[PDB]
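Have a look at the structure below before the remarks.
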Amino acid sequence: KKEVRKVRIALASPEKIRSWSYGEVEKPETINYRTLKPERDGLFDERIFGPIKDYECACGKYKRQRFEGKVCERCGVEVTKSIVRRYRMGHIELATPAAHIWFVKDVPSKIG
Amino acid sequence: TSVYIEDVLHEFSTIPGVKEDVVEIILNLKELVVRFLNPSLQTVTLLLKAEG
Amino acid sequence: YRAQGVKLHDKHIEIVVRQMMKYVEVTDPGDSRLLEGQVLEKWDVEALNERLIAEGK
Amino acid sequence: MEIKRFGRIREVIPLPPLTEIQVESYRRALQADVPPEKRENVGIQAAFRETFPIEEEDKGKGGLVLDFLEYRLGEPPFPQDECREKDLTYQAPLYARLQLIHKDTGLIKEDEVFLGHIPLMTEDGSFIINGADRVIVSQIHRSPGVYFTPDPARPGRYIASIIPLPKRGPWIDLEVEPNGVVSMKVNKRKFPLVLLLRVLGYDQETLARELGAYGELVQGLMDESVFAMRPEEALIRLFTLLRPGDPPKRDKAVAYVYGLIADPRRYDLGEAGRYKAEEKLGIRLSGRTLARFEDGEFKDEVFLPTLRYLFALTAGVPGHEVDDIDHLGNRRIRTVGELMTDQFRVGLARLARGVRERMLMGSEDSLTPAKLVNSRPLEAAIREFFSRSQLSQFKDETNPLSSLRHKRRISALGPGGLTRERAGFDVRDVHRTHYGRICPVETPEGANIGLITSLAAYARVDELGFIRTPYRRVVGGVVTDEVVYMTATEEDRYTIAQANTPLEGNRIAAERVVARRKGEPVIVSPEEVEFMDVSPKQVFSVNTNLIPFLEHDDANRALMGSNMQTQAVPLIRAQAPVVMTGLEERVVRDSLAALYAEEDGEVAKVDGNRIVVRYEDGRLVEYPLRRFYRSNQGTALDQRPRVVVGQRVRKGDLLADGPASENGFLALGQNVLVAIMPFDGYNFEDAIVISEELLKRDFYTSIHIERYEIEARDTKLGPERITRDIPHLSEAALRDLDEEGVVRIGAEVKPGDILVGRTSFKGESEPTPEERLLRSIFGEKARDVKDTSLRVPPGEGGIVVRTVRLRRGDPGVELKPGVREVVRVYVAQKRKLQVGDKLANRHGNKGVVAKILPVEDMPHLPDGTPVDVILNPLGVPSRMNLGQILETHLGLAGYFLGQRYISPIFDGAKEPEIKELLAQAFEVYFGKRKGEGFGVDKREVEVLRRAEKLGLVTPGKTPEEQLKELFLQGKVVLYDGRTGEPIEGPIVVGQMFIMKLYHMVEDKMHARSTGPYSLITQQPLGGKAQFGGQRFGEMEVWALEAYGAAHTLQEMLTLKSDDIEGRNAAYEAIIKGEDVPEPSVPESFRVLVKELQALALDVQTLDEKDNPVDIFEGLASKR
Amino acid sequence: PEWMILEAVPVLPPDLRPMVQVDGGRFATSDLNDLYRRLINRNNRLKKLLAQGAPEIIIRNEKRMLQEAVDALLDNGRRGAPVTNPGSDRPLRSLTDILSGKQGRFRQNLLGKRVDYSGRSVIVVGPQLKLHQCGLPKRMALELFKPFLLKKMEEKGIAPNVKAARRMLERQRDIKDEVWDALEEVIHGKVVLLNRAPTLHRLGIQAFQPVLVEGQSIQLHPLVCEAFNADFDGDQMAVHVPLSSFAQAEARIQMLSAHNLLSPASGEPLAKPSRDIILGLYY
Amino acid sequence: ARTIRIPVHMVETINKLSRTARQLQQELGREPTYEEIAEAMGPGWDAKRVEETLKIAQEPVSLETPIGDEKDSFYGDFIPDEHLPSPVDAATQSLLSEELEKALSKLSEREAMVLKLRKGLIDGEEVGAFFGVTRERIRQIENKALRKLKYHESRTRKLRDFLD
Amino acid sequence: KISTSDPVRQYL
Ligand SMILES: CO[C@H]1/C=C/O[C@@]2(C)Oc3c(C)c(O)c4c(c3C2=O)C2=NC3(CCN(CC(C)C)CC3)NC2=C(NC(=O)/C(C)=C\C=C\[C@H](C)[C@H](O)[C@@H](C)[C@@H](O)[C@@H](C)[C@H](OC(C)=O)[C@@H]1C)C4=O
Ligand SMILES: [Mg+2]
Ligand SMILES: [Mg+2]
Ligand SMILES: [Mg+2]
Ligand SMILES: [Mg+2]
Ligand SMILES: [Mg+2]
Ligand SMILES: [Mg+2]
Ligand SMILES: [Mg+2]
Ligand SMILES: [Mg+2]
Ligand SMILES: [Mg+2]
Ligand SMILES: [Mg+2]
Ligand SMILES: [Mg+2]
Ligand SMILES: [Mg+2]
Ligand SMILES: [Mg+2]
Ligand SMILES: [Mg+2]
Ligand SMILES: [Mg+2]
Ligand SMILES: [Mg+2]
Ligand SMILES: [Mg+2]
Ligand SMILES: [Mg+2]
Ligand SMILES: [Mg+2]
Ligand SMILES: [Mg+2]
Ligand SMILES: [Mg+2]
Ligand SMILES: [Mg+2]
Ligand SMILES: [Mg+2]
Ligand SMILES: [Mg+2]
Ligand SMILES: [Mg+2]
Ligand SMILES: [Mg+2]
Ligand SMILES: [Mg+2]
Ligand SMILES: [Mg+2]
Ligand SMILES: [Mg+2]
Ligand SMILES: [Mg+2]
Ligand SMILES: [Mg+2]
Ligand SMILES: [Mg+2]
Ligand SMILES: [Mg+2]
Ligand SMILES: [Mg+2]
Ligand SMILES: [Mg+2]
Ligand SMILES: [Mg+2]
Ligand SMILES: [Mg+2]
Ligand SMILES: [Mg+2]
Ligand SMILES: [Mg+2]
Ligand SMILES: [Mg+2]
Ligand SMILES: [Mg+2]
Ligand SMILES: [Mg+2]
Ligand SMILES: [Mg+2]
Ligand SMILES: [Mg+2]
Ligand SMILES: [Mg+2]
Ligand SMILES: [Mg+2]
Ligand SMILES: [Mg+2]
Ligand SMILES: [Mg+2]
Ligand SMILES: [Mg+2]
Ligand SMILES: [Mg+2]
Ligand SMILES: [Mg+2]
Ligand SMILES: [Mg+2]
Ligand SMILES: [Mg+2]
Ligand SMILES: [Mg+2]
Ligand SMILES: [Mg+2]
Ligand SMILES: [Mg+2]
Ligand SMILES: [Mg+2]
Ligand SMILES: [Mg+2]
Ligand SMILES: [Mg+2]
Ligand SMILES: [Mg+2]
Ligand SMILES: [Mg+2]
Ligand SMILES: [Mg+2]
Ligand SMILES: [Mg+2]
Ligand SMILES: [Mg+2]
Ligand SMILES: [Mg+2]
Ligand SMILES: [Mg+2]
Ligand SMILES: [Mg+2]
Ligand SMILES: [Mg+2]
Ligand SMILES: [Mg+2]
Ligand SMILES: [Mg+2]
Ligand SMILES: [Mg+2]
Ligand SMILES: [Mg+2]
Ligand SMILES: [Mg+2]
Ligand SMILES: [Mg+2]
Ligand SMILES: [Mg+2]
Ligand SMILES: [Mg+2]
Ligand SMILES: [Mg+2]
Ligand SMILES: [Mg+2]
Ligand SMILES: [Mg+2]
Ligand SMILES: [Mg+2]
Ligand SMILES: [Mg+2]
Ligand SMILES: [Mg+2]
Ligand SMILES: [Mg+2]
Ligand SMILES: [Mg+2]
Ligand SMILES: [Mg+2]
Ligand SMILES: [Mg+2]
Ligand SMILES: [Mg+2]
Ligand SMILES: [Mg+2]
Ligand SMILES: [Mg+2]
Ligand SMILES: [Mg+2]
Ligand SMILES: [Mg+2]
Ligand SMILES: [Mg+2]
Ligand SMILES: [Mg+2]
Ligand SMILES: [Mg+2]
Ligand SMILES: [Mg+2]
Ligand SMILES: [Mg+2]
Ligand SMILES: [Mg+2]
Ligand SMILES: [Mg+2]
Ligand SMILES: [Mg+2]
Ligand SMILES: [Mg+2]
Ligand SMILES: [Mg+2]
Ligand SMILES: [Mg+2]
Ligand SMILES: [Mg+2]
Ligand SMILES: [Mg+2]
Ligand SMILES: [Mg+2]
Ligand SMILES: [Mg+2]
Ligand SMILES: [Mg+2]
Ligand SMILES: [Mg+2]
Ligand SMILES: [Mg+2]
Ligand SMILES: [Mg+2]
Ligand SMILES: [Mg+2]
Ligand SMILES: [Mg+2]
Ligand SMILES: [Mg+2]
Ligand SMILES: [Mg+2]
Ligand SMILES: [Mg+2]
Ligand SMILES: [Mg+2]
Ligand SMILES: [Mg+2]
Ligand SMILES: [Mg+2]
Ligand SMILES: [Mg+2]
Ligand SMILES: [Mg+2]
Ligand SMILES: [Mg+2]
Ligand SMILES: [Mg+2]
Ligand SMILES: [Mg+2]
Ligand SMILES: [Mg+2]
Ligand SMILES: [Mg+2]
Ligand SMILES: [Mg+2]
Ligand SMILES: [Mg+2]
Ligand SMILES: [Mg+2]
Ligand SMILES: [Mg+2]
Ligand SMILES: [Mg+2]
Ligand SMILES: [Zn+2]
């Protein structure tokens, strides 16, 4: 509603990593041929990132706009088109940490 | 104003036994000068058929 | 340019060159350490309020 | 009509076979027409021998010897036209004889193995790879030799370079930095240039004294004596200097590599590399390159002479040892043959690679056929070169001329290994040696300039790609008709003179006559003139040679003229220039436009499709004529018979004319009478005014043909059927869809008509809930299929002339996978000249039609004949091509004298000769005027008044006499036409030839309202039928930035291209006549933020007071 | 500063790393996904390696790979360069290569985007035209001002509704001469922008009132042929449309040709009589 | 190993297919039409099966790949989009919904809403479509209201021009 | 530096 007057880049807190995220991609399962649908919890899962179809849900319990802001009882899908499927974030939970090479290998090692 | 060869469908065709191509002939026709004598003749269809 | 027929007003070159000198260097700190290169007017900001509104020159 | 040709320089030798460059190279490349008995063993046979004797000895059991006997390829799978009708690559089959030996009793010979289908050449010189005729363009680079160039940064002294191509194979350099080191580098690191000589056998004493007694630098050679005192040990010591941590013992293994076989090149033992040697440095070749493996003790007649010349080049004048790289004697050319033979050998190695593996895999002796050979490599390799090489291009058949040059064009870029993208200005410039070897006008215009240029007229690739230009001999003050094709290098050793030198025959005629020693203009004496230029034509290319008075036109704009012809489109009505140079005939003939008579005889039948001639030998042959064929770029190629029934033909006379020939003469565009004055603004910067009268006659009209194609694909949702069935609305649109499915031949198709129908399925996997209700409401039982039918793309269509459909039981065609069936629709259309079109004379005046005037009021001459086109004068001073103004003058003469002429390149017509013909013209013009009964106008006299006051007519002479004067000047009186009054001041007019230029696909104005969008980037994208948006570049952004165009710029960044939600509400708003809404955030922005979030970074927009605000409208908050 | 260390790797959206059906059944996915899988597999194999029992050498070995992986998605090439299997020795575009790259994100965020209401055709001198206006092909105007026309169709009897007005124009032979009269009415006082090949200065884009004309070419005024370095040997000019009443307001107020007569460079006119006019006026 | 997972059986399946294509390349000089592969493979192998397996065998392609003159071309800017309503469609749903909504109001909410909701709101059952009132009143008002609606819409032609 | 060598050396 208010004009965007200032942009700001700031470091990511691991708790902010998770704040922007939905679900944890925990398996290397793209899409399985038989059904061009998202495999298991994997990279494309509909819970984690979002449903791939307009105002409609995945199973179809609720399908039009009257209830546009609510989620499905047996399965989770709140809707407006797939743009959500292209804007949502998921996150992987690393075992034992690793570091950003963006901060480790810049000429002045910001960490060194 | 118009031409109809009997076995020819489009303007870019060639007729067997006929050196000239449809386009060359329709061209030669534009060269043709006719003269009718009275208003009663608005559109006259001239006919011609020759063989061998 | 003159030598090539072109006749553009100085103004323009000025606007440009000015920005080549929007920044300076430091040797007598207050808020941030000395060797730093920063925007000229941004220091005219600091010095201005540091000697006029808040004391301690 | 009669022909008068002006210049007299006896053209001593006819021009060479224009395509020999392409034809002969592929001839020597693949010597298949002659038995393996015939001696030319370069190319294929050579590449074969090069990698055939595969010696595989020990690691387990070996002693393998696969040997080559004879190479034979003979029966083409299919023929030319069938290769174009069907998608086919015309290639000849090849299987050579092979016999593998054994260390055990037995040698199995498996005769044939057909690996590699190698393309063939058309008799013209072009190929047929996949459907489209293709061409292999020649290249240029550093011919494998050795040179000495000045050192990089230190002004001091220069260093030596040994150049061995293929890539694999060392690159040596010799440099001396005296404080204590000398440098010889193969891969990179340096070492003493002597440790090597020692290895070979040159000892400190014999070396230093014989080689450099005269060269004090000998001291640096005998310096590190401690190592120079042990011979064969120096061999192991250098081994040691290389670095892996290798076994000291390896008897004569690595020394071999820089010895005889691989790395040093295996080209012609005697002239290939040994030419660069005996003339530049050293004297002999003890085998191809520094080579020997007979006693273990190597011989190097090349390692010492390179230093020998370095001590020599550094110490005085043995000769002057400085190599100008760009000397063509150094700069080699690659004829087609070489380009193919290389890929053929690359494939041979790939083949010989896999075969070695199978010398171990096959159990016992029966291993000759399949055990050793697999055709997978050679196929892929060679196939990759003719279809994917950056060198093989679509034929340039805009018109034979264009398609011809395209076969004789040479390029820089290519293999990547040679001159790539970076280096430029030294190569790009027209080097001195480029004389008669490369055109200086020809090359393109742009970042890619001078690197790609077509050779000259008499230029020919001798034995190894070295353009030798012809220069005739002149012993003493005597000139000969004998000619020597000289290498770039040798040309410098002589004093050469130009062809313009007044000649009485063998006698030079002027004491101080021009010659040019070595790239330097020098006024020499008749007694010094050793050699003379062969021809004014050899200096340039074919494409250029076609220009009338090249002589008077700025080389810069003459280029434009040369490239303009390459874009000439064939007109149904073709005409040759009123003034030609002299090669029009030769172009059409040497190109394969017109059909010539083999031997003398009479004509039997003269069909529109065939001319069966009867030779006097008692034979008669049917000569088909490519009625109407599709040129790669969509220009008509028809052969119109010019001979009547029963006609005795001379050997080599035109039976039919090519796409653009009038009478065996090249004919593009059409000579048109032209006034050269200003009109309102219709001809302002470079605009051309045209007389409607040019359209009345089918003058500038050209036939086009685009080839729309659609496929019946197999979707998992259900095959896409191709049927007359177009699911949703009318039969009106089904009319011309006569054949069930396909469109009927001869039907006029406008944009938006169905060319072909097809039916695919509605959704991805599921039906439609809302569309379920609607179908049910008026007709449930509704074909759930989708209209995906080839339609006429905006722009244009004509009348369908041919159609092709390939269904299920394929005859001998290649249908891609998934592809159920294909349907081609050839459409044709007449292109009458119009205001959007661009015409241009051979000189360079380029320009567009801005107004087609009614013959009613354009400039008309005294006798009712009016001008067709009015060219602006102003376009002539700035540019410098008076040649056009010269043409129009000779033209005016040809108009009234009813004759065409031939003005050679620089020898042609002369200003006095033209004034002479103009004089003859004045009588036909005004002579008939005298007798027909009338004299001179008030107008004619009035313009004379103003003309004398001007200074064009001698005051005091009679108007009759005055007009003669004024006519001779090339101008005549012209009346307005609109007012009938005269145009104060004489104006020139005349017969200038003008061609019409081909309309590129871009021409078709691309206007897009709304359309597709890219998947990942959300910016507008076109393709098939939706035009695709225009690019708004930074340079354009700033333009708006500079203005106060705030919103107009936002729009361009939001509503129009990336604001997903914006453009939607945008359209709809417009639809309801709503003043467009205020922009939402651009997807560029959102895509960014997220890509940025993808990386640790957090980009959050903020408020008035530093607080959040939201770009991602409601999709980022969670759940 | 405790955040520079990574223990939670944000994953880029899905539709932004597509998986698409191409041809025959070919698919197409953003290189990012091969990299994502890299990390996930490693991360998982790590967990299961810790759980199963843990021989030191092997756990580090993995943790190494893991690290490397975490680099890959973020930025490839800073340390070695990951490759899709034998086919293309190509750096899988890293999120970095996304933002910067040969042709990356902020990068092509400035090279250009494609406008929705654009057009482009060959130009031709328009001598009678006044600086004020420009000749625009009706054929082009139609598509350009389609939506503006549609609605205008409905306001008149030519069409019942939008969708109707659309199908009414989907084919060329179907246009009643009443439509031209509608478009010619829609364009009344609106103006468009014309661009030239290199837009070197602000006058590289100027606004004029369109005077609809036949054919393919675009009629341009002679006087402004000097502002755009555009001669007529085939130079083509694009054309854009001001949609907001605001954009139109600015466009025709402060961007219209006949208003910007003197150059921003010199106080010298740019509406100087070019070549033919002088020649006339001189003689 | 693969982006799009493939069970172990399909894997071996693919190896056997490959190996078989190998022994077939051995003598024909003709990369086997999917006829040979079926035969040589065994019991239930047919053309549709081999064309299918090798279609799955092709790994994907890099959405980011150098295209045309590799100068600077990236494969993903060229694929269009399907779910997203190109302007034309947003305008569609505007008039369609406004006009469908106008008709829906000036009517009987007994069988019109039934078939409006049963068809346009949840999923695609005459009997199970109407609340308490049986089939006879369903077909009665369905077909009589659906035709009065269509025939007056025939008068004031608004819907005729098939929005689809 | 380069990852294979180090582990190879590591367990070897
Ligand atoms: C081997 O096939 C392609 C290789 C590309 O790769 C590159 C990197 O290697 C090249 C090599 C080795 C070349 O020798 C040329 C070019 C390129 C490349 O770019 C050219 N490139 C351009 C320069 C500017 N671009 C515009 C770009 C910036 C958007 C257009 C082409 N002109 C080019 C030429 N022209 C001319 O000489 C001139 C002055 C006129 C001839 C025109 C006719 C009409 C053509 O000959 C036509 C029949 C056809 O052959 C081409 C269109 C062909 O395309 C196909 C599909 O066949 C390419 C040559 C070249 O001789
Ligand atoms: Mg906001
Ligand atoms: Mg408010
Ligand atoms: Mg974090
Ligand atoms: Mg997740
Ligand atoms: Mg199955
Ligand atoms: Mg789950
Ligand atoms: Mg819900
Ligand atoms: Mg869900
Ligand atoms: Mg949603
Ligand atoms: Mg986990
Ligand atoms: Mg018949
Ligand atoms: Mg025919
Ligand atoms: Mg005619
Ligand atoms: Mg009459
Ligand atoms: Mg009358
Ligand atoms: Mg009467
Ligand atoms: Mg009859
Ligand atoms: Mg200041
Ligand atoms: Mg303050
Ligand atoms: Mg103060
Ligand atoms: Mg204060
Ligand atoms: Mg105070
Ligand atoms: Mg005579
Ligand atoms: Mg005579
Ligand atoms: Mg002559
Ligand atoms: Mg001669
Ligand atoms: Mg051969
Ligand atoms: Mg060889
Ligand atoms: Mg041949
Ligand atoms: Mg030096
Ligand atoms: Mg060599
Ligand atoms: Mg080699
Ligand atoms: Mg050294
Ligand atoms: Mg000597
Ligand atoms: Mg010394
Ligand atoms: Mg010894
Ligand atoms: Mg080593
Ligand atoms: Mg020799
Ligand atoms: Mg010699
Ligand atoms: Mg010896
Ligand atoms: Mg000498
Ligand atoms: Mg010298
Ligand atoms: Mg035995
Ligand atoms: Mg190199
Ligand atoms: Mg560089
Ligand atoms: Mg450099
Ligand atoms: Mg230089
Ligand atoms: Mg010279
Ligand atoms: Mg060229
Ligand atoms: Mg002799
Ligand atoms: Mg000499
Ligand atoms: Mg004399
Ligand atoms: Mg004398
Ligand atoms: Mg010379
Ligand atoms: Mg030039
Ligand atoms: Mg012949
Ligand atoms: Mg012949
Ligand atoms: Mg006879
Ligand atoms: Mg004779
Ligand atoms: Mg005779
Ligand atoms: Mg004439
Ligand atoms: Mg398709
Ligand atoms: Mg109907
Ligand atoms: Mg449809
Ligand atoms: Mg349908
Ligand atoms: Mg349809
Ligand atoms: Mg079209
Ligand atoms: Mg045929
Ligand atoms: Mg294919
Ligand atoms: Mg197939
Ligand atoms: Mg089929
Ligand atoms: Mg036309
Ligand atoms: Mg007359
Ligand atoms: Mg005459
Ligand atoms: Mg001549
Ligand atoms: Mg005379
Ligand atoms: Mg007479
Ligand atoms: Mg008379
Ligand atoms: Mg008389
Ligand atoms: Mg005067
Ligand atoms: Mg007198
Ligand atoms: Mg007189
Ligand atoms: Mg259009
Ligand atoms: Mg369009
Ligand atoms: Mg659309
Ligand atoms: Mg909304
Ligand atoms: Mg909006
Ligand atoms: Mg409104
Ligand atoms: Mg409002
Ligand atoms: Mg908003
Ligand atoms: Mg961020
Ligand atoms: Mg860290
Ligand atoms: Mg498919
Ligand atoms: Mg991987
Ligand atoms: Mg340990
Ligand atoms: Mg350890
Ligand atoms: Mg790497
Ligand atoms: Mg790697
Ligand atoms: Mg790899
Ligand atoms: Mg991979
Ligand atoms: Mg690997
Ligand atoms: Mg990089
Ligand atoms: Mg980068
Ligand atoms: Mg006017
Ligand atoms: Mg006008
Ligand atoms: Mg209709
Ligand atoms: Mg119309
Ligand atoms: Mg009206
Ligand atoms: Mg018209
Ligand atoms: Mg052009
Ligand atoms: Mg342009
Ligand atoms: Mg507005
Ligand atoms: Mg000027
Ligand atoms: Mg396989
Ligand atoms: Mg096996
Ligand atoms: Mg395969
Ligand atoms: Mg491409
Ligand atoms: Mg869309
Ligand atoms: Mg409403
Ligand atoms: Mg109502
Ligand atoms: Mg109610
Ligand atoms: Mg009611
Ligand atoms: Mg009501
Ligand atoms: Mg209902
Ligand atoms: Mg319901
Ligand atoms: Mg259900
Ligand atoms: Mg109930
Ligand atoms: Mg009833
Ligand atoms: Mg009843
Ligand atoms: Mg009723
Ligand atoms: Zn659900």
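FYI, nothing fancy with the structure tokens labels: chains A, B, ... in order, residues from 1 per chain, ligands from 1 as they appear.
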
* Hey, what's within 8 Å of residue 63 (chain E) if we count only C-alpha atoms and toss same-chain stuff fewer than 3 positions away? As a list in words, please? -> residues 96 of chain A; 46, 59, 60, 66 and 67 of chain E

* Give the residues close to ligand 31, within 6 Å, counting only C-alpha atoms and all ligand atoms; write them as a list in words. =>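 Based on only C-alpha atoms and all ligand atoms, ligand 31 is surrounded within 6 Å by residues 151, 154, 155, 156 and 157 of chain D.
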
Throw together the list of residues within 9 Å of ligand 7, counting only C-alpha atoms and all ligand atoms, and drop it here as a PDB file with N, CA, C and O atoms, in the first residue's frame.
ATOM      1  N   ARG A  40       8.384 -37.398  -3.981  1.00  0.00           N
ATOM      2  CA  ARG A  40       7.975 -37.446  -2.585  1.00  0.00           C
ATOM      3  C   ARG A  40       8.061 -36.059  -1.986  1.00  0.00           C
ATOM      4  O   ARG A  40       7.557 -35.103  -2.578  1.00  0.00           O
ATOM      5  N   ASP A  41       8.677 -35.936  -0.822  1.00  0.00           N
ATOM      6  CA  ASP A  41       8.838 -34.639  -0.232  1.00  0.00           C
ATOM      7  C   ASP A  41       9.710 -33.762  -1.124  1.00  0.00           C
ATOM      8  O   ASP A  41       9.524 -32.574  -1.104  1.00  0.00           O
ATOM      9  N   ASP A  45       7.700 -30.874  -4.318  1.00  0.00           N
ATOM     10  CA  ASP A  45       6.512 -31.104  -3.471  1.00  0.00           C
ATOM     11  C   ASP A  45       5.589 -29.895  -3.360  1.00  0.00           C
ATOM     12  O   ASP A  45       6.017 -28.757  -3.249  1.00  0.00           O
ATOM     13  N   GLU A  46       4.300 -30.191  -3.387  1.00  0.00           N
ATOM     14  CA  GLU A  46       3.251 -29.192  -3.370  1.00  0.00           C
ATOM     15  C   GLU A  46       3.056 -28.565  -1.996  1.00  0.00           C
ATOM     16  O   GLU A  46       2.536 -27.454  -1.914  1.00  0.00           O
ATOM     17  N   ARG A  47       3.440 -29.249  -0.919  1.00  0.00           N
ATOM     18  CA  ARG A  47       3.277 -28.632   0.407  1.00  0.00           C
ATOM     19  C   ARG A  47       4.351 -27.593   0.598  1.00  0.00           C
ATOM     20  O   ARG A  47       4.112 -26.450   1.001  1.00  0.00           O
ATOM     21  N   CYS A  75      -5.700 -31.835   3.338  1.00  0.00           N
ATOM     22  CA  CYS A  75      -4.467 -31.489   2.614  1.00  0.00           C
ATOM     23  C   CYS A  75      -4.257 -29.945   2.605  1.00  0.00           C
ATOM     24  O   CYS A  75      -5.217 -29.204   2.534  1.00  0.00           O
TER      25      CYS A  75
END

* Kindly determine which residues of chain E lie within 6 Å of chain D, considering only C-alpha atoms, and give the answer as a PyMOL selection string. => chain E and resi 10-12+16+24+74+110-121+124+127+140+143-144+147+151+171+199+201-202+216-217+231-233+244+247+276

* **All residues 12 Å or closer to residue 8 (chain G), only C-alpha atoms, same chain fewer than 4 positions away omitted, as JSON, numbers by chain** => {"E": [57, 58, 61], "G": [2, 3, 4, 12]}

* Within-10 Å residues of ligand 28, basis only C-alpha atoms and all ligand atoms, as a VMD selection string -> chain D and resid 26 to 36 40 to 48 70 to 73 337 341

* If we count only C-alpha atoms, what is near region 254-270 of chain E at a cut-off of 9 Å, once residues fewer than 2 positions away on the same chain are taken out, given as a ChimeraX atom specification? -> /C:7-9,12 /D:1040,1043-1045 /E:130-133,191-193,202-203,205-209,223-224,226-227,249-252,272-273

* Asked: Within 12 Å of ligand 3, counting only C-alpha atoms and all ligand atoms, which protein or nucleic acid residues do you find, written as a VMD selection string?
  -> chain A and resid 1 to 3

* Asked: What do you get as number ranges by chain if you pick all residues at most 8 Å from ligand 124, counting only C-alpha atoms and all ligand atoms?
  -> F: 102, 105-106

Could you save those same residues with C-alpha atoms as a PDB file, in the first residue's frame?
ATOM      1  CA  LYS F 102     -26.378 -11.429 -14.570  1.00  0.00           C
ATOM      2  CA  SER F 105     -29.619 -13.710 -10.664  1.00  0.00           C
ATOM      3  CA  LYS F 106     -32.883 -13.084 -12.643  1.00  0.00           C
TER       4      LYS F 106
END

* What residues in chain F have any atom no more than 8 Å from chain A when counting only C-alpha atoms, and can you write them as a ChimeraX atom specification? -> /F:3-6,83,121-122

Let me have all residues with an atom within 7 Å of ligand 27, counting only C-alpha atoms and all ligand atoms, laid out as a JSON list (two decimals) with N, CA and C atoms, in the first residue's frame.
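Result went into pocket01.json, see below:
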[["chain", "number", "residue", "atom", "x", "y", "z"],
["D", 10, "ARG", "N", 44.43, -5.37, -74.73],
["D", 10, "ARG", "CA", 44.14, -6.71, -75.18],
["D", 10, "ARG", "C", 44.04, -7.70, -74.05],
["D", 11, "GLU", "N", 42.80, -8.14, -73.84],
["D", 11, "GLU", "CA", 42.49, -9.15, -72.86],
["D", 11, "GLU", "C", 43.13, -10.44, -73.39],
["D", 12, "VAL", "N", 44.33, -10.71, -72.87],
["D", 12, "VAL", "CA", 45.18, -11.82, -73.28],
["D", 12, "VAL", "C", 44.65, -13.21, -72.92],
["D", 13, "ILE", "N", 44.11, -13.40, -71.72],
["D", 13, "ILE", "CA", 43.63, -14.72, -71.36],
["D", 13, "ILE", "C", 42.23, -14.69, -70.77],
["D", 14, "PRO", "N", 41.37, -15.66, -71.16],
["D", 14, "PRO", "CA", 40.01, -15.68, -70.61],
["D", 14, "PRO", "C", 40.02, -15.87, -69.10],
["D", 15, "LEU", "N", 38.94, -15.47, -68.43],
["D", 15, "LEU", "CA", 38.86, -15.62, -66.98],
["D", 15, "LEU", "C", 38.78, -17.11, -66.63]]

* Name each residue within 10 Å of ligand 129, counting only C-alpha atoms and all ligand atoms, as a count of residues only. => 9
